[PDB]
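Colleague: Got a structure for you, questions after.
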Amino acid sequence: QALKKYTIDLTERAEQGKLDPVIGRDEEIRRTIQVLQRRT
Amino acid sequence: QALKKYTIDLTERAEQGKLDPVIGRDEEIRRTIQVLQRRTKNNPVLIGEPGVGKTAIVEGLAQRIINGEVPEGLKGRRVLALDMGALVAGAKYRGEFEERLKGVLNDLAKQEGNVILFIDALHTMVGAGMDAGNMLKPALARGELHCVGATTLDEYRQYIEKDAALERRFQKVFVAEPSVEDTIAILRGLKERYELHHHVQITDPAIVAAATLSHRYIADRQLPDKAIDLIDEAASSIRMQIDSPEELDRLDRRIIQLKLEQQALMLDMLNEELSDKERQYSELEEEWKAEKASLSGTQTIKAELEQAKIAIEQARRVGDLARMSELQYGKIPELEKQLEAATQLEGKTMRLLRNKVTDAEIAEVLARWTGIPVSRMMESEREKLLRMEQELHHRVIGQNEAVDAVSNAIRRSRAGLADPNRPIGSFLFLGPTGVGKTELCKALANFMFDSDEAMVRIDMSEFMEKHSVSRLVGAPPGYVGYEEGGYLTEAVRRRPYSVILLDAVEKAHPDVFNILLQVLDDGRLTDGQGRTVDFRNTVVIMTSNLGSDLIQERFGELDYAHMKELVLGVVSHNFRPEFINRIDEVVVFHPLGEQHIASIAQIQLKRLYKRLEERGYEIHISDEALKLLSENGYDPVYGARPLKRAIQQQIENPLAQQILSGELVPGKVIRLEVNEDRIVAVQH
Amino acid sequence: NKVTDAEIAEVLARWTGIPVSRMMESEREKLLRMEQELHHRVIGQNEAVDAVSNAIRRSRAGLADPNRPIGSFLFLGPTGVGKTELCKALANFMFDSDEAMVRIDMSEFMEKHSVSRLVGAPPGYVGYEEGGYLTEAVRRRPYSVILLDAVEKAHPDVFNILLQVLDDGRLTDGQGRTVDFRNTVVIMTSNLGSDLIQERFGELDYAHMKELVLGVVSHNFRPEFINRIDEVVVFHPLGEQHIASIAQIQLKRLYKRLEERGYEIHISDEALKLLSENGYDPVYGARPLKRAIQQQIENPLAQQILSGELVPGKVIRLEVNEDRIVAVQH
Amino acid sequence: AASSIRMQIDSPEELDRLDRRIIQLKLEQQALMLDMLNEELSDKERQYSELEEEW
Amino acid sequence: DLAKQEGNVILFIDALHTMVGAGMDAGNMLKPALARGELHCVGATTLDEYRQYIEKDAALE
Ligand SMILES: Nc1ncnc2c1ncn2[C@@H]1O[C@H](COP(=O)(O)OP(=O)(O)OP(O)(O)=S)[C@@H](O)[C@H]1O
Ligand SMILES: Nc1ncnc2c1ncn2[C@@H]1O[C@H](COP(=O)(O)OP(=O)(O)OP(O)(O)=S)[C@@H](O)[C@H]1O
Ligand SMILES: Nc1ncnc2c1ncn2[C@@H]1O[C@H](COP(=O)(O)OP(=O)(O)O)[C@@H](O)[C@H]1O
Ligand SMILES: Nc1ncnc2c1ncn2[C@@H]1O[C@H](COP(=O)(O)OP(=O)(O)O)[C@@H](O)[C@H]1O
């Protein structure tokens with residue numbers, strides 16, 4: 001499949017715990033998801 | 001086959017129903033249809049300032065073509081869109097671009113006029129590395145190609161209307177910026193679309209209020225797109241607040257705290273407390289799940305009704321007849337009444353919060369956009385405004401008349417009662433210098449709007465000059481500081497709701513009052529760049545001090561009214577009456593008694609003890625020293641600025657002289673006890 | 001299937017915006033009614049009613065000059081006699097808004113060399129890509145009434161620009177294209193002879209009024225520039241029935257905004273009488289009326305709204321106090 | 001103007017206004033479904049049919 | 001793949017300007033997929049590339 005050919009899963013990396021639990025910015029992530037669950 | 005390679009059928013997508021039944025504009029739709037159905041020059045262009053959805057106007061044209069609302073010369077056409085950038089894939093080699101374009105044109109010649117071309121952003125065809133208009137031009141004079149132009153008026157008169165041939169291949173269709181009620185009707189259609197999409201409910205009076213406040217205040221975007229985006233933003237905000245759950249997270253943190261505590265312990269009763277709080281959390285969570293199941297059932301049965309609408313529109317396009325009757329008479333009224341039964345079931349069961357959006361939520365989103373509370377008179381800020389004078393007299397000693405006047409202005413503002421076409425209030429301030437005119441404006445913006453800073457001071461003793469006026473407006477174009485904007489204006493347009501101080505205008509040249517005439521009649525001002533920025537949602541204030549001699553004479557035992565009248569006659573000697581008639585509202589400040597000096601000094605002690613607790617110091621005072629300072633810091637000409645400098649020269653220097661002598665320990669009781677002429681601090 | 005000249009005039013009107021079409025009967029009724037409507041929303045000043053009625057009649061009948069632009073009017077009157085509001089009522093008739101007008105606020109222009117605000121900047125300076133705002137706003141709305149506000153505050157001979165405008169009204173803009181004014185209307189407002197007006201609106205007719213203030217403004221302007229104007233009309237300081245009518249109109253739009261708030265508000269006519277007693281002065285015209293209305297109505301009214309006395313669905317008779325007005329809830 | 005006249009031929013205006021009238025009366029009758037609105041619908045549809053046949 | 005995963009996958013692309021400058025060279029192939037909604041990707045750059053590429057195509061804006 002063409003998925004694995006040219007993609008990099010970061011969610012696998014945090015799923016395999018490779019990554020950095022940075023603290024904070026939760027309002028900004030919230031406003032991001034506010035954008036993310038729009039229609040336009 | 002480049003049509004397969006580069007273009008996308010809208011009418012496939014509208015055949016798939018993917019787009020908007022866009023309301024209105026119907027004369028312009030028809031006029032588009034007129035210009036299309038000619039024999040030559042078949043390509044009209046769409047024009048305006050953006051955020052009006054001309055894209056969607058082409059979409060609705062295609063949807064009417066699907067529905068056959070067109071004359072009998074377009075039934076069966078092909079409305080296809082193409083980017084100019086779509087053929088800038090490989091722009092190095094020679095003719096490659098042009099070979100793509102000619103292959104497109106030969107495809108369209110082979111399709112023989114049954115295809116209507118759409119182009120968005122027609123100015124993308126202007127300059128592309130001659131290039132592009134020098135191939136379309138024979139088709140576009142000959143009308144064999146069926147282009148549809150849609151672009152922004154700035155790019156129109158910037159790119160095309162300086163290139164004359166491309167101007168004469170096209171005809172203007174000026175879409176207006178829509179009205180209020182047009183916005184309302186389209187937002188009813190969009191209420192439909194969003195409650196189809198965003199899984200929620202919307203209040204339609206909140207929608208028309210949202211449209212009202214969007215058109216009314218924010219001039220940044222334009223109609224109707226700003227209200228569209230606001231409704232989308234509020235819908236998604238409440239949509240995230242569907243899976244917020246705040247009280248569930250409170251209970252979950254509580255039960256996990258009690259679980260950690262019990263696991264640390266292993267009299268107990270903590271097991272019982274954990275069991276009770278977990279039962280509470282489980283009950284709240286189960287109510288949450290029941291609400292989610294209710295909303296999910298409501299949205300699914302709404303989607304099933306929408307698919308029934310899709311099928312009955314398939315019967316409208318195709319033309320089965322008993323299918324229409326069957327789908328209507330079965331599906332519509334029973335699904336509507338059980339959708340309303342689910343709606344009133346939610347109106348029963350929704351506690352953990354909503355799925356509606358109200359105008360309070362609109363004003364929340366608005367303040368998150370604006371920063372300005374028109375989040376309405378909610379009996380906290382409202383009852384602040386009911387105590388607004390008593391708010392001010394934290395810092396406003398005496399002087400109650402202007403306090404009344406200012407609070408009157410604010411009340412006429414934030415209750416929404418003003419004629420908003422003048423500004424919020426024009427003001428002349430009079431009276432003795434060194435009372436807190438600046439304090440008044442600071443406390444105004446403080447307990448009204450932000451703070452003691454959210455303002456613009458403009459000191460008018462600079463402004464003895466014609467070129468001073470040239471500064472504060474903005475320079476004329478074809479001069480130096482054109483490219484930067486005016487002094488006042490861009491600072492206004494960043495902070496749309498401020499209070500502007502024009503202090504001491506009597507030192508300025510009398511020319512300035514013309515600029516104030518345009519403002520204080522109108523609240524709109526035309527800058528260097530020829531454009532106009534609103535004031536009318538701000539507050540403008542001038543100060544003067546001329547007959548403060550006469551005030552210091554006669555405020556002892558004359559009234560307020562004839563005092564006002566006499567000093568306004570003096571102002572008529574000063575200004576033009578043609579300007580002060582444009583002035584709304586004038587006060588007089590009066591000289592204070594020394595009790596007011598003592599009170600302001602108490603306020604200075606308050607902010608001093610604030611500063612020293614910020615240093616860490618717990619300091620009190622003998623008030624005989626306050627009596628001495630009240631004896632010291634006055635003149636009849638300046639008043640309180642002598643008190644401020646005396647506070648400095650007898651407090652801020654020697655107390656720091658002893659702190660940096662290492663005498664003073666934070667936390668000790670430090671009485672500012674008197675001396676013969678000085679103040680001693682103690683270490684207790 | 002026969003194409004007539006009315007078809008062409010409508011296609012032109014919809015294709016540009018200029019109201020070319022032959023005088024249909026709703027429009028002609030509306031023109032007689034707009035004579036009436038400018039009596040309505042402008043109480044007072046029926047000289048101006050006459051003048052601008054004649055202006056738009058010489059427009060829409062299609063008889064006035066295809067050389068000169070259509071009207072040309074240098075208004076004279078003292079403060080607040082409705083001049084700006086006259087032209088806004090013209091637009092709100094004609095364009096169903098106030099925000100379809102060219103309101104070039106003229107008192108910015110106190111030194112000379114901001115003419116480039118209105119023309120554009122000549123090539124090889126800054127504003128060559130942008131124009132000057134008058135020309136752009138004309139060429140987008142080719143039928144639009146242009147107002148030039150309080151015009152004599154400026155440096156005096158800015159209006160060689162307006163010598164072109166009122167002469168032939170092709171306007172050579174910055175870049176070098178033609179800004180044509182033949183379907184438009186230029187209005188100025190000035191308050192020069194206003195002290196003579198309030199001095200001598202009595203003891204003169206309309207004509208010697210016009211004569212003497214024309215002599216004065218001719219001392220102010222240049223004799224070139226007075227020759228270009230169609231009719232130098234004069235305004236008059238208003239009597240107290242006009243004051244009462246203005247008060248009524250302000251009450252109606254006040255009622256409008258508060259019924260948009262959602263409140264049914266009446267008044268004592270004695271309260272109107274108190275307003276009429278508390279709004280008259282010859283020297284200042286209409287604004288002491290309006291701000292007296294503002295204070296002595298709105299501030300107790302907004303106070304009681306922020307009290308929450310005002311329940312909707314109640315007739316709110318603005319009845320008098322001893323000297324003031326209370327709102328009642330019945 | 002030529003294609004404008006062609007579309008005003010190809011539309012028709014008052015015929016489609018009467019068509020809006022008859023479809024509104026059909027909706028109103030089915031919202032009622034004494035009647036006599038059936039008779040009024042038949043009258044307006046006969047009017048529209050005569051106009052359409054003339055068209 | 002954007003068609004296949006049906007919006008269950010939202011990919012991430014930082015350096016949105018590098019999608020703008022990639023040779024439609026990459027961007028306006030995907031302005032369909034973001035406009036149509038097979039992808040809801042997240043941008044990450046500085047204000048200068050915002051004014052340089054994101055503001056400069058107003059459709060991208
Ligand atoms: N009648 C309508 N019904 C539904 N949505 C509409 C309607 N008119 C406009 N819109 C929406 O308004 C949005 C923004 O307007 P646009 O037409 O896209 O702006 P524009 O002026 O065309 O410039 P662009 O390049 O298209 S953003 C559209 O994408 C539509 O979703
Ligand atoms: N006949 C009238 N009908 C309606 N409103 C009027 C009338 N006469 C005066 N007004 C009011 O008077 C004010 C006039 O506003 P403006 O025209 O801007 O003032 P002005 O006429 O420009 O006076 P100056 O000389 O420029 S200060 C408005 O508030 C009008 O409502
Ligand atoms: N809370 C955090 N947890 C883990 N890593 C972090 C955190 N905060 C910052 N970093 C590190 O800081 C670096 C910043 O890089 P990045 O944020 O990707 O650049 P940019 O700020 O341009 O996006 C990252 O490589 C990341 O590993
Ligand atoms: N009403 C008041 N409430 C609180 N403090 C005030 C008040 N009036 C005056 N002050 C004091 O008066 C001084 C006056 O400052 P400023 O406003 O610049 O002078 P003026 O009032 O003469 O323009 C301030 O420094 C402040 O310490």
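Starting from 1 in every chain, residues are counted up; chains themselves are A, B, ... following the order of the structure tokens, and ligands are numbered from 1 as listed.
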Show me which bits of chain D are within 12 Å of chain C, counting only C-alpha atoms, as a PyMOL selection string.
Modeller: chain D and resi 1-10
Colleague: Hey, list the chain B side of the contact with chain A: 8 Å cut-off, only C-alpha atoms, answer as a list in words.
Modeller: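 Therefore, the residues near the partner are residues 197, 198, 229, 232, 233, 235, 236, 237, 239 and 240 of chain B.
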Colleague: Please check which protein, DNA or RNA residues sit within 6 Å of ligand 2, counting only C-alpha atoms and all ligand atoms, and write them as a PyMOL selection string.
Modeller: (chain B and resi 578) or (chain C and resi 41-45+78-85+150+191+246+286)
Colleague: For the residues selected in the previous step, produce a file with C-alpha atoms as a PDB file, in the first residue's frame.
Modeller:
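part.pdb, freshly written:
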```pdb
ATOM      1  CA  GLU B 578     -19.833  76.117  14.999  1.00  0.00           C
TER       2      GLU B 578
ATOM      3  CA  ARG C  41     -37.441  63.952   6.785  1.00  0.00           C
ATOM      4  CA  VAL C  42     -36.210  67.470   6.412  1.00  0.00           C
ATOM      5  CA  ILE C  43     -38.587  69.749   8.150  1.00  0.00           C
ATOM      6  CA  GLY C  44     -37.665  73.315   7.412  1.00  0.00           C
ATOM      7  CA  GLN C  45     -35.754  74.632   4.468  1.00  0.00           C
ATOM      8  CA  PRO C  78     -25.846  78.422  10.049  1.00  0.00           C
ATOM      9  CA  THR C  79     -25.142  75.515  12.227  1.00  0.00           C
ATOM     10  CA  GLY C  80     -27.150  72.366  12.300  1.00  0.00           C
ATOM     11  CA  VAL C  81     -29.942  73.336   9.995  1.00  0.00           C
ATOM     12  CA  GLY C  82     -29.858  69.891   8.426  1.00  0.00           C
ATOM     13  CA  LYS C  83     -27.468  70.298   5.513  1.00  0.00           C
ATOM     14  CA  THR C  84     -25.624  67.026   5.877  1.00  0.00           C
ATOM     15  CA  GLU C  85     -28.920  65.450   6.793  1.00  0.00           C
ATOM     16  CA  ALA C 150     -17.988  72.432   5.306  1.00  0.00           C
ATOM     17  CA  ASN C 191     -21.503  78.623   6.900  1.00  0.00           C
ATOM     18  CA  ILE C 246     -37.586  67.428  14.582  1.00  0.00           C
ATOM     19  CA  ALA C 286     -31.042  72.106  16.312  1.00  0.00           C
TER      20      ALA C 286
END
```
Colleague: May I ask you to write as a ChimeraX atom specification all residues lying at most 8 Å from ligand 3, with only C-alpha atoms and all ligand atoms counted?
Modeller: /A:19-24 /E:14,44-45
Colleague: Would you name the residues within 7 Å of ligand 4, counting only C-alpha atoms and all ligand atoms, and put them as a ChimeraX atom specification?
Modeller: /B:393,395-399,432-440,600,638,640-641,644
Colleague: Excluding range 3-13 of chain A and its own-chain neighbours fewer than 4 positions away, which residues fall within 12 Å of it when counting only C-alpha atoms? Please give them as a ChimeraX atom specification.
Modeller: /A:17-21 /E:1-5,9-13
Colleague: Show me which residues line ligand 1, defined as having an atom within 7 Å of a ligand atom where only C-alpha atoms and all ligand atoms count, and present them as a PyMOL selection string.
Modeller: (chain B and resi 20-24+48-57+121+151-152+186+189-190+224-225) or (chain E and resi 58-59)
Colleague: Mind checking which residues fall within 9 Å of residue 15 in chain E, counting only C-alpha atoms, ignoring those fewer than 2 positions away in the same chain, and posting them as a ChimeraX atom specification?
Modeller: /E:13,17-20,43-46,49
Colleague: Store the residues picked out above in a file with C-alpha atoms, as a PDB file, in the first residue's frame.
Modeller:
```
ATOM      1  CA  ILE E  13       2.534  19.374   7.048  1.00  0.00           C
ATOM      2  CA  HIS E  17       5.357  27.645   2.245  1.00  0.00           C
ATOM      3  CA  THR E  18       7.363  24.590   1.240  1.00  0.00           C
ATOM      4  CA  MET E  19       4.099  23.134   0.049  1.00  0.00           C
ATOM      5  CA  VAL E  20       3.563  26.501  -1.658  1.00  0.00           C
ATOM      6  CA  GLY E  43       0.134  24.624   9.215  1.00  0.00           C
ATOM      7  CA  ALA E  44       3.344  25.597  10.933  1.00  0.00           C
ATOM      8  CA  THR E  45       5.538  28.467   9.776  1.00  0.00           C
ATOM      9  CA  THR E  46       6.308  32.063  10.718  1.00  0.00           C
ATOM     10  CA  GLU E  49       5.781  33.093   5.121  1.00  0.00           C
TER      11      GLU E  49
END
```
Colleague: May I ask you to extract the residues of chain E within 9 Å of chain B, using only C-alpha atoms, and to give them as a ChimeraX atom specification?
Modeller: /E:23-26,28-29,59
Colleague: Give me the residues within 7 Å of range 268-278 of chain B as a VMD selection string, counting only C-alpha atoms and dropping any in the same chain fewer than 6 places off.
Modeller: chain B and resid 251 255 258 to 259 262
Colleague: Can you pull out the residues contacting residue 52 in chain D? Cut-off 9 Å, using only C-alpha atoms, and skip same-chain residues under 3 positions away; I want them as a list in words.
Modeller: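 Here the qualifying residues turn out to be residues 12, 15, 47, 48, 49 and 55 of chain D.
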Colleague: If you measure from CA of residue 40 in chain D to CA of residue 26 in chain D, what distance in Å do you get, rounded to one decimal?
Modeller: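 Separating CA of residue 40 in chain D from CA of residue 26 in chain D is a distance of 9.9 Å.
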Colleague: If we count only C-alpha atoms, what is near residue 269 in chain C at a cut-off of 9 Å, once residues fewer than 6 positions away on the same chain are taken out, given as a VMD selection string?
Modeller: chain C and resid 318 to 320
Colleague: Would you put the residues from that selection into a file with N, CA, C and O atoms, as a compact mmCIF listing (two decimals), in the first residue's frame?
Modeller:
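File written: result22.txt
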```
# COMPACT_ATOMS: atom_id res chain seq x y z
N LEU C 318 -44.15 58.17 28.32
CA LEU C 318 -43.17 59.12 28.83
C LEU C 318 -43.92 60.35 29.31
O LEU C 318 -44.10 61.34 28.60
N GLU C 319 -44.36 60.26 30.55
CA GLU C 319 -45.13 61.30 31.19
C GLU C 319 -44.22 62.15 32.06
O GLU C 319 -43.11 61.76 32.42
N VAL C 320 -44.70 63.33 32.38
CA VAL C 320 -43.84 64.34 32.95
C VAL C 320 -43.61 64.04 34.42
O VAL C 320 -44.40 63.36 35.08
```
Colleague: Please identify which residues in range 460-614 of chain B DSSP calls helix (DSSP H, G or I) from the backbone, and express them as a VMD selection string.
Modeller: chain B and resid 460 to 462 466 to 473 480 to 484 487 to 494 505 to 507 512 to 522 548 to 554 561 to 574 577 to 580 594 to 614
Colleague: I need the residues in range 132-312 of chain B that are strand (DSSP E) according to DSSP; give them as a PyMOL selection string.
Modeller: chain B and resi 149-150+171-174
Colleague: Please report, as a tab-separated table, each residue of chain C lying at most 7 Å from chain B, together with the nearest pair of atoms and the separation in Å rounded to one decimal; use only C-alpha atoms, and order rows by chain and ascending residue number.
Modeller:
```
residue	atom	partner	partner_atom	distance
C:79	CA	B:578	CA	6.0
C:105	CA	B:518	CA	6.7
C:107	CA	B:514	CA	5.6
C:108	CA	B:515	CA	6.3
C:114	CA	B:476	CA	5.0
C:116	CA	B:477	CA	5.9
C:117	CA	B:476	CA	5.6
C:121	CA	B:478	CA	5.1
C:125	CA	B:478	CA	4.9
C:126	CA	B:478	CA	4.3
C:127	CA	B:478	CA	5.2
C:132	CA	B:530	CA	6.9
C:133	CA	B:530	CA	5.2
C:284	CA	B:581	CA	6.4
C:287	CA	B:581	CA	6.5
C:291	CA	B:584	CA	6.5
C:298	CA	B:412	CA	6.8
C:299	CA	B:408	CA	5.8
C:302	CA	B:412	CA	6.1
C:306	CA	B:382	CA	6.8
```
Colleague: The selected residues should be written to file as a CSV table (one decimal), in the first residue's frame (atoms: N, CA and C atoms).
Modeller:
```
chain,number,residue,atom,x,y,z
C,79,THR,N,-25.6,76.8,11.7
C,79,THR,CA,-25.1,75.5,12.2
C,79,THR,C,-26.3,74.6,12.4
C,105,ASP,N,-14.5,64.7,3.3
C,105,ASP,CA,-14.6,65.6,4.4
C,105,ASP,C,-13.6,66.7,4.3
C,107,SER,N,-12.4,69.5,5.5
C,107,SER,CA,-11.7,70.4,6.4
C,107,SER,C,-10.3,69.8,6.8
C,108,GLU,N,-9.9,68.7,6.2
C,108,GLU,CA,-8.6,68.1,6.3
C,108,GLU,C,-7.6,68.9,5.5
C,114,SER,N,-2.6,68.6,-0.1
C,114,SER,CA,-3.3,67.4,0.1
C,114,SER,C,-4.3,67.2,-1.0
C,116,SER,N,-3.7,65.8,-3.7
C,116,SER,CA,-3.3,64.4,-4.1
C,116,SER,C,-4.1,63.4,-3.3
C,117,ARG,N,-4.7,63.7,-2.1
C,117,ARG,CA,-5.7,62.8,-1.6
C,117,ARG,C,-6.8,62.6,-2.5
C,121,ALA,N,-1.6,60.4,-6.9
C,121,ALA,CA,-0.3,61.1,-6.9
C,121,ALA,C,0.4,61.0,-8.2
C,125,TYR,N,5.9,59.3,-7.7
C,125,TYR,CA,5.8,59.6,-6.3
C,125,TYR,C,5.1,58.4,-5.7
C,126,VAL,N,4.5,58.5,-4.6
C,126,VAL,CA,4.1,57.3,-3.8
C,126,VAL,C,2.8,56.7,-4.4
C,127,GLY,N,1.8,57.5,-4.5
C,127,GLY,CA,0.5,57.0,-4.8
C,127,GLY,C,0.2,57.0,-6.2
C,132,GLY,N,-6.4,58.6,-6.3
C,132,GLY,CA,-6.9,59.5,-5.3
C,132,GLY,C,-8.4,59.3,-5.1
C,133,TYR,N,-8.8,59.1,-3.9
C,133,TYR,CA,-10.1,58.4,-3.5
C,133,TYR,C,-11.3,58.9,-4.2
C,284,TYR,N,-27.8,78.7,17.9
C,284,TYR,CA,-27.2,77.4,17.8
C,284,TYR,C,-28.1,76.3,17.0
C,287,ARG,N,-29.1,71.5,17.6
C,287,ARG,CA,-28.4,70.6,18.5
C,287,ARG,C,-28.7,70.7,20.0
C,291,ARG,N,-29.5,67.2,22.0
C,291,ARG,CA,-28.8,66.8,23.2
C,291,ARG,C,-29.7,67.0,24.5
C,298,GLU,N,-33.0,60.1,27.8
C,298,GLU,CA,-32.3,58.8,27.7
C,298,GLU,C,-31.7,58.4,29.1
C,299,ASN,N,-31.2,59.4,29.8
C,299,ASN,CA,-30.5,59.1,31.0
C,299,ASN,C,-31.4,58.5,32.2
C,302,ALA,N,-32.4,55.0,30.4
C,302,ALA,CA,-31.4,54.0,30.5
C,302,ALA,C,-31.2,53.6,31.9
C,306,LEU,N,-31.5,49.8,33.1
C,306,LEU,CA,-30.6,49.1,33.9
C,306,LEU,C,-31.1,48.8,35.3
```
